[PDB]
Q: 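This is the structure I want to talk about, given as structure tokens.
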Amino acid sequence: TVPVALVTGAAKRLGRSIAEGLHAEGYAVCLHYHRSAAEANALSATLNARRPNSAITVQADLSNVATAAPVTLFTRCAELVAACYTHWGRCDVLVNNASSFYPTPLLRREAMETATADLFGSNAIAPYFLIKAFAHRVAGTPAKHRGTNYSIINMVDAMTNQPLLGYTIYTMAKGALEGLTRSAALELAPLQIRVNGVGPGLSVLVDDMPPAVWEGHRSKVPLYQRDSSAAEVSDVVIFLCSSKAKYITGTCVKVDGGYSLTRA
Amino acid sequence: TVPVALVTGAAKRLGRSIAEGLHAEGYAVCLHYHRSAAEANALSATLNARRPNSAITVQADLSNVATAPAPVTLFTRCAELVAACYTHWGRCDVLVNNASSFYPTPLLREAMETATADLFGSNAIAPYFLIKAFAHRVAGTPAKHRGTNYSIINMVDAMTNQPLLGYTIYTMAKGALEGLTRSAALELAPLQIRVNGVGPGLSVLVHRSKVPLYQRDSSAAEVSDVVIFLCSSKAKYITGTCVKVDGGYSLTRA
Amino acid sequence: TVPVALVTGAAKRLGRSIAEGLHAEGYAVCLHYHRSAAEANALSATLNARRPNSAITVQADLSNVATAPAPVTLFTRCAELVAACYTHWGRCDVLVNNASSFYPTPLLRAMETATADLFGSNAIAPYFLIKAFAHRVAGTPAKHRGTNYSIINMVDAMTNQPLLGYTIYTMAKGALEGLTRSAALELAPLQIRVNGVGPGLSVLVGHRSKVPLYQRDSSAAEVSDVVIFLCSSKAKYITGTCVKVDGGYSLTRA
Amino acid sequence: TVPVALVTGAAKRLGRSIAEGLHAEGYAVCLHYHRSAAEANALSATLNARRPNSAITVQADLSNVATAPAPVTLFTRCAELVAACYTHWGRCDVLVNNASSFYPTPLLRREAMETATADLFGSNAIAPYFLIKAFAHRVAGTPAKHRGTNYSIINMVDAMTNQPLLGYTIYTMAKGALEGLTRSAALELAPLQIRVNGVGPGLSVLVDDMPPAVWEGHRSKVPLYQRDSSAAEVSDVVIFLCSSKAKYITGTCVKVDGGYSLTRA
Ligand SMILES: NC(=O)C1=CN([C@@H]2O[C@H](COP(=O)(O)OP(=O)(O)OC[C@H]3O[C@@H](n4cnc5c(N)ncnc54)[C@H](OP(=O)(O)O)[C@@H]3O)[C@@H](O)[C@H]2O)C=CC1
Ligand SMILES: NC(=O)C1=CN([C@@H]2O[C@H](COP(=O)(O)OP(=O)(O)OC[C@H]3O[C@@H](n4cnc5c(N)ncnc54)[C@H](OP(=O)(O)O)[C@@H]3O)[C@@H](O)[C@H]2O)C=CC1
Ligand SMILES: NC(=O)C1=CN([C@@H]2O[C@H](COP(=O)(O)OP(=O)(O)OC[C@H]3O[C@@H](n4cnc5c(N)ncnc54)[C@H](OP(=O)(O)O)[C@@H]3O)[C@@H](O)[C@H]2O)C=CC1
Ligand SMILES: NC(=O)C1=CN([C@@H]2O[C@H](COP(=O)(O)OP(=O)(O)OC[C@H]3O[C@@H](n4cnc5c(N)ncnc54)[C@H](OP(=O)(O)O)[C@@H]3O)[C@@H](O)[C@H]2O)C=CC1
Ligand SMILES: O=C1C[C@H](c2cccc(O)c2)Oc2ccc(O)cc21
Ligand SMILES: O=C1C[C@H](c2cccc(O)c2)Oc2ccc(O)cc21
């Protein structure tokens with residue numbers, strides 16, 4: 001009876017805020033996490049206190065590596081979607097929010113091979129496997145039992161067309177996610193599964209450098225001269241998931257305060 | 001108090017849907033029309049019946065020509081539209097450049113100078129002047145009296161990168177409008193005036209089967225709700241961007 | 001047999017360099033100018049001293065206004081520019097829309113002049129010129145047509161990251177981008193290719209140090225070689241595309 | 001001073017045409033191949049007979065998998081391709097990322113699924129990344145006074161992936177990463193004067209393994225000429241972007257598609 005959202009990397013920051021925004025609209029939310037077990041369970045607790053049985057947590061490394069028979073990434077992704085159907089009997093919304101982000105400079109061991117798998121798995125390959133698994137489930141549901149508003153959001157990046165110096169794999173991974181948005185929107189249109197991108201510029205900018213540098217980097221955003229709040233992104237995601245957005249598919253909405261209109 | 005929306009080409013179809021959407025959020029709406037006085041006045045009557053003094057109508061040709069009363073330029077008519085809002089309600093918070101002529105200007109086989117003025121005016125030049133007048137008024141308001149949510153929406157087209165055969169001047173003017181959205185967003189950022197695009201693909205046709213999502217054109221609400229969302233405070237960090245509302249039509253190839 | 005190129009704003013800088021490059025490939029070149037009569041003529045003389053009957057000059061204001069004889073409209077002026085190629089050499093194979101005014105049209109604190117000047121030269125004159133060029137080609141019987149028709153529109157690599165205060169200009173280049181796409185689709189049956197070239201910083205008169213490649217603006221040749229390549233028979237499958245020549249400048253962000 | 005070009009998937013079609021067009025301009029060419037040994041060796045023989053010792057061949061699976069010797073990583077096989085150029089001719093001026101696998105990965109109906117991902121993503125995106133890395137390291141490790149004057153990297157992307165081909169998601173995704181690679185490497189390698197550009201074909205030398213009406217149906221949709229392109233119609237563009245006349249063009253994509261991307265259903 002109640003719609004279901006699967007949110008990857010739901011524990012903190014934009015993931016938490018998306019999970020909360022959907023929750024506030026009456027979704028039950030499956031809270032995916034990798035490292036951040038404590039933050040995910042705290043968030044689950046808060047949502048379940050607000051509305052009983054409105055949240056669960058599931059752990060998964062979305063790197064394109066086999067784990068713990070070794071278990072593939074595809075399996076782990078299928079298992080994420082399956083947790084939604086096991087617990088609540090449905091999965092209506094998928095938000096591919098989880099994402100690794102760190103330098104892979106082109107100009108100078110097993111940190112190389114783990115980087116590619118981590119940055120590609122989380123940003124691109126796992127989203128592919130998630131969308132596929134989400135779609136198989138919809139396909140397998142008799143039409144009379146289908147949800148009436150299936151929506152998938154990929155968090156891409158407003159700024160990867162002006163690439164961040166030294167972040168090539170990340171930039172390529174987000175490039176791939178963009179492709180996913182356009183290819184899945186096309187192929188899944190027959191099943192009325194909408195697929196769209198949301199692309200933050202500077203959002204909840206990590207405070208881990210001198211204040212002058214942090215204030216320097218925010219002040220470049222033309223609108224407000226700051227990085228966004230998490231809700232300023234997440235509200236956009238909740239709007240794209242809503243029935244008022246039911247004719248939107250295959251598009252990317254930039255949420256960047258005009259940062260992409262800038263030049264050096 | 002009550003925020004105000006100026007919606008051009010408000011009388012019918014998407015413009016009417018946008019004016020209705022905005023009015024449902026609590027906006028007073030100034031309903032611009034050109035030829036559709038009957039339809040624009042009936043819409044005003046409906047909205048004023050729902051909420052007293054919540055709509056007005058104003059007439060202007062948005063073509064890039066002079067009109068008689070010294071002849072009146074496009075720029076002056078555009079300033080007078082924005083002014084009409086200020087005169088009547090003391091504010092103009094939202095501007096929706098919706099009015100648009102759309103007809104063939106083929107490259108292959110006099111009043112081709114009519115097309116230029118008409119297609120280029122409504123779609124690109126009048127929006128530029130409207131944005132300019134809009135911004136002047138905000139800049140002219142002492143900061144402590146300014147609203148908190150200035151929003152300009154340009155109605156562009158999802159399909160203009162895959163041009164409609166024979167619609168060159170229309171296609172060009174949409175390309176001009178997209179440039180207006182980016183340049184205005186950047187220059188108006190310091191006054192907190194957001195500027196975004198909404199591109200319909202196929203909407204309320206008066207080829208439907210080619211749209212990946214649903215194999216139909218959209219309702220007017222399917223577009224105008226997106227407009228309303230972009231104007232709301234939840235969309236306050238969005239500027240300079242363009243939202244396609246095309247059911248995936250731009251993903252297709254012949 | 002000798003093909004003909006018409007180059008707008010051919011007197012100096014990129015226009016000159018494109019005209020030279022075309023000429024170097026053996027084109028007869030029609031050198032359009034507005035105010036630079038001395039430089040156009042001096043260029044013509046050099047190219048005529050190299051090969052007789054290989055260069056002419058034609059004056060035209062490309063602003064979207066009427067001029068002195070009924071008055072002469074921009075359409076007539078554009079058609080006559082193309083007629084000059086046919087009158088003198090019996091053909092027009094290549095059109096380069098290079099002429100371009102460029103100056104501030106600020107949104108925040110003569111408006112008619114900016115509008116006519118920046119839109120005409122950048123967008124409407126290219127439209128009329130493309131239309132005249134194409135009409136000629138269509139009116140030539142098939143057996144007598146050239147085998148390599150090329151239109152190049154000079155656009156701007158940086159207009160997605162707009163220059164602050166230059167709205168009408170940025171809109172006009174966006175209109176020209178749309179002209180590239182719409183004309184390439186419509187003119188493909190007559191095998192008229194239409195492409196853009198987007199210079200970034202070129203032959204400046206301190207943004208230069210920000211260009212990732214070489215930390216300088218380009219030379220004129222650095223751009224015009226691209227234009228020559230796109231007109232060559234090696235580029236015969238390219239149409240409706242835009243080539244940035246900007247040393248990676250459009251890759252940057254504040 | 002004979003400049004050198006590495007061309008991945010050089011044995012046939014567009015790769016071979018690119019390897020020829022570079023050879024014709026005076027390049028020594030290292031012709032990479034995977035399963036097409038015989039075609040590659042044939043083309044090498046042809047170009048060596050025009051100009052002795054101006055072609056070699058190297059074999060590598062560019063799939064993102066470890067191979068038969070410790071196992072050998074994709075990263076290593078990629079470094080080894082750029083190495084072959086230095087070992088044999090002392091330089092590598094031009095890299096063309098052309099190798100590409102292309103087949104469907106439908107979202108709608110499983111050692112097939114693993115192998116597709118590693119192959120499609122390896123060939124179209126991750127191999128180019130490592131090739132670029134290796135090519136740049138060499139340039140960085142060459143003392144400035146000995147560096148060539150015209151380094152150029154071309155990635156063969158696709159004019160049409162913004163209008164995706166139904167059922168080819170991993171391919172489309174890989175091409176999207178490859179576009180990212182162009183933009184990112186152009187910016188980062190700009191200080192070494194290493195230009196990085198994309199060339200995006202539309203319908204080029206279209207394989208005829210459907211009924212004639214299907215082939216002719218496809219081709220007829222191309223606005224310019226109502227045909228697919230020759231290999232040369234793409235490779236000439238590659239050659240131009242590598243030439244010294246293109247020395248200010250970096251981080252850009254050139255579509256070679258006869259207007260196909262302008263169309264709508
Ligand atoms: N903040 C910003 O300005 C920008 C954000 N974005 C994008 O928006 C989205 C949300 O942004 P933000 O909240 O800042 O993202 P974060 O960087 O905070 O990452 C969110 C989560 O992704 C999860 N994650 C990372 N790697 C893996 C992995 N290998 N497997 C599983 N989970 C993983 C982490 O989970 P856990 O903590 O449980 O380990 C982390 O909490 C991301 O996709 C990001 O790329 C894009 C541009 C700018
Ligand atoms: N519907 C669709 O499928 C699509 C729509 N769009 C865009 O969406 C917007 C709204 O679409 P739609 O509702 O179909 O538009 P319409 O074609 O119905 O036009 C809306 C109004 O614009 C006004 N108008 C036209 N020319 C002039 C002029 N010279 N001066 C002043 N007003 C003028 C007319 O007002 P009046 O009746 O008062 O004279 C008209 O009712 C437009 O900007 C359009 O470009 C884009 C792509 C597809
Ligand atoms: N150089 C650069 O950095 C950049 C250039 N570009 C584009 O590249 C092209 C060439 O650049 P560049 O050589 O610098 O151009 P210029 O600014 O030097 O101008 C070129 C010529 O345009 C002609 N022109 C201007 N206005 C009119 C008018 N109303 N009617 C007729 N002709 C007119 C002038 O002719 P006359 O002198 O005879 O009066 C002028 O010499 C242009 O389209 C430009 O917008 C784009 C981005 C950057
Ligand atoms: N032709 C067209 O219409 C289009 C082409 N393109 C792009 O242009 C480029 C060239 O096109 P085209 O000539 O048709 O290419 P092909 O599809 O013929 O493939 C090119 C070569 O790539 C090699 N290859 C494939 N998978 C691998 C792998 N895992 N490892 C190593 N090598 C591999 C093959 O080498 P071998 O034979 O040695 O095994 C093959 O000969 C490609 O990158 C393609 O994606 C893009 C859009 C349309
Ligand atoms: O009525 C339409 C549909 C029309 C349309 C019709 C058919 C195909 C297509 O891409 C677009 O687009 C319009 C553009 C501007 C406008 O003011 C009205 C319309
Ligand atoms: O001379 C220039 C440089 C100039 C310029 C200067 C500085 C930044 C930038 O993006 C562009 O751009 C032009 C645009 C049109 C034109 O006719 C000439 C120029």
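Letters A, B, ... mirror the listed sequences (proteins, then strands); counts begin at 1. Counting starts at 1 for both ligands and their atoms, in listed order. What's counted below: heavy atoms across the whole structure, side chains too, no hydrogens, waters or symmetry copies.
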Q: Regarding D/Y33 and D/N41, is there a side-chain donor-to-acceptor distance under 3.5 Å anywhere?
A: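 Distance-only check fails for D/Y33 and D/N41.
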Q: Closer than 4.0 angstrom: is that true for some heavy atom of B/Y249 and an atom of ligand 5?
A: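 It does not; every heavy atom stays at 4.0 Å or beyond.
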Q: Applying a strict 4.0 Å limit to heavy atoms, is D/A231 in contact with ligand 4?
A: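 No, D/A231 has no heavy atoms under 4.0 Å from ligand 4.
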Q: Give the numbers and elements of all ligand 1 atoms closer than 4.0 Å to a heavy atom of A/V156.
A: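 Near A/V156, the atoms of ligand 1 are 7 (C), 46 (C).
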Q: Under 4.0 Å from ligand 5, counting heavy atoms only, is it the side chain of B/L202, its backbone, both or neither?
A: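 Answer for B/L202: side chain.
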Q: For ligand 1, which is the ligand I care about here, please tell me if A/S100 has any N or O atom under 3.5 Å from one of the ligand's N or O atoms.
A: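 Between A/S100 and ligand 1 (N or O atoms, distance only) the closest approach is under 3.5 Å.
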Q: Could an N or O of ligand 1 be found under 3.5 Å from any N or O of A/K12, whether backbone or side chain?
A: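 Between A/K12 and ligand 1 (N or O atoms, distance only) the closest approach is not under 3.5 Å.
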Q: Assess D/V205 for proximity to ligand 4: is some non-hydrogen atom of it under 4.0 Å away?
A: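 No, that is not the case, since the closest heavy atom of the residue is not under 4.0 Å from the ligand.
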Q: Determine, using heavy atoms of D/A60 and all atoms of ligand 4, whether some pair is separated by less than 4.0 Å.
A: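 Checking ligand 4 against D/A60, which is what was asked, there is a heavy-atom contact under 4.0 Å.
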Q: Under a 4.0 Å heavy-atom limit, does D/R264 contact ligand 5 with its side chain, its backbone, both, or neither?
A: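 It is the side chain that gets close, since no backbone atom is under 4.0 Å.
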Q: Counting heavy atoms only, which part of D/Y171 comes closer than 4.0 Å to ligand 4: side chain, backbone, both or neither?
A: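 Contact part for D/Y171 vs ligand 4: side chain (C-beta onward).
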Q: Please work out which of A/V198, A/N97, A/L14, A/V7 has its closest non-hydrogen atom nearest to atom 20 (C) of ligand 1.
A: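 Checking each option, the heavy atom nearest atom 20 (C) of ligand 1 is found in A/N97.
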Q: Between ligand 5 and B/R13, can you find any atom pair, the residue atom being a heavy atom, that is separated by under 4.0 Å?
A: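 Per 4.0 Å heavy-atom rule, B/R13 contacts ligand 5.
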Q: Are side-chain heavy atoms of D/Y168 and D/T105 found at a separation under 4.5 Å?
A: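 SC-SC contact between D/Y168 and D/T105 ruled out.
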Q: Considering only heavy atoms, which of A/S99, A/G201, A/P127 lies nearest to atom 45 (O) of ligand 1?
A: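 The option holding the nearest heavy atom is A/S99.
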Q: Would D/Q59 count as a contact of ligand 4 if the rule is a heavy atom under 4.0 Å away?
A: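 Checking ligand 4 against D/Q59, which is what was asked, there is no heavy-atom contact under 4.0 Å.
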Q: For A/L62 and A/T8, work out which heavy atoms get closest and say how close.
A: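 A/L62 and A/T8 have their closest heavy atoms at CD1-CB, 4.1 Å.
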Q: Indicate whether the side chain of D/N155 and that of D/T182 have a donor and an acceptor atom separated by less than 3.5 Å.
A: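 Present: a donor and an acceptor within the cut-off.
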